[PDB]
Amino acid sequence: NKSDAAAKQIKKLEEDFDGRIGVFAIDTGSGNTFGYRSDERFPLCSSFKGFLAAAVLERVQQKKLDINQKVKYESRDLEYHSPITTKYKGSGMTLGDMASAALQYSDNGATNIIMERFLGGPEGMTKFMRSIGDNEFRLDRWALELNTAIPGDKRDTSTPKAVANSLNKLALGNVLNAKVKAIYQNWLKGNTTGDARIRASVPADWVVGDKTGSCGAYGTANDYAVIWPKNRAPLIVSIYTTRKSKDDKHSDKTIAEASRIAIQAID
């Protein structure tokens, strides 16, 4: 009933821009959920970078990597959209700066380097997600090839629900200890790419951490967030969208709107 009216609104919203919306929201205080197409598969785009940083911090926490070890890449041809790694090319970067660059600026060079050197590539990112008990998450290709968002292709996809559950386990749950979890949160809170998305759907004084993605094809874009309202339990929102035509552009306002409707369904 509270659920069916949110579903109506989302359905309207997806018809309005002539595409498809996936939502999954959790109130971690009360347990209440809301989903819409929350078990259907959606391209990840960059959004998986958020889990990559947590994979790295898991390795830090088990002392299989040091967060301050230098990572040198002086000879590499940096991928397009490496705004952060390009500037540090000569000096290298700390593993931790590199990971958070991956997350906070969606840096493709940061992404590819970490996956090649420390993570066992796409297969090993997928392995990290099975290990927390995400079974829907799949990664197949590398940073710049995973964006084709072709309807029906399952490469590089997850579901809204599965993303939410993962983020809940990683941000709020028990894979990371106190200390490392707070690093991970601070990383999410400093994400720079999501001002117009989930961040836009909540009051100004609520703290938000998020990771976005935009494929640039099939209007495909997404965002997921942990939300800390004033004097109340944290929320998880996970919003994924695709559009009918190859040439359609993403719509941030739709994401922000789908988020408002979702925060309202669990309120």
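Just count from 1 along the sequence shown to find any residue number.
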query: Of 15-23 and 242-250, the one with larger mean CA B-factor; finding: 242-250
query: Of 142-150 and 106-114, the stretch whose C-alpha atoms average the higher B-factor in the entry; finding: 142-150
query: C-alpha B-factor winner, where the candidates are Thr126, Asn174, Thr157, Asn165; finding: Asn174
query: Peak C-alpha temperature factor (PDB record), options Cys215, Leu52, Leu65, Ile236; finding: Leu65
query: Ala262 - which third its CA temperature factor falls in, relative to the rest of the chain; finding: lowest
query: Assigned third (lowest, middle, highest) for the C-alpha B factor of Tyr88; finding: highest
query: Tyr80, C-alpha B-factor rank within chain (lowest, middle or highest third); finding: middle
query: Record-listed C-alpha B factor of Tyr73: chain third; finding: highest
query: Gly219 - which third its CA temperature factor falls in, relative to the rest of the chain; finding: middle
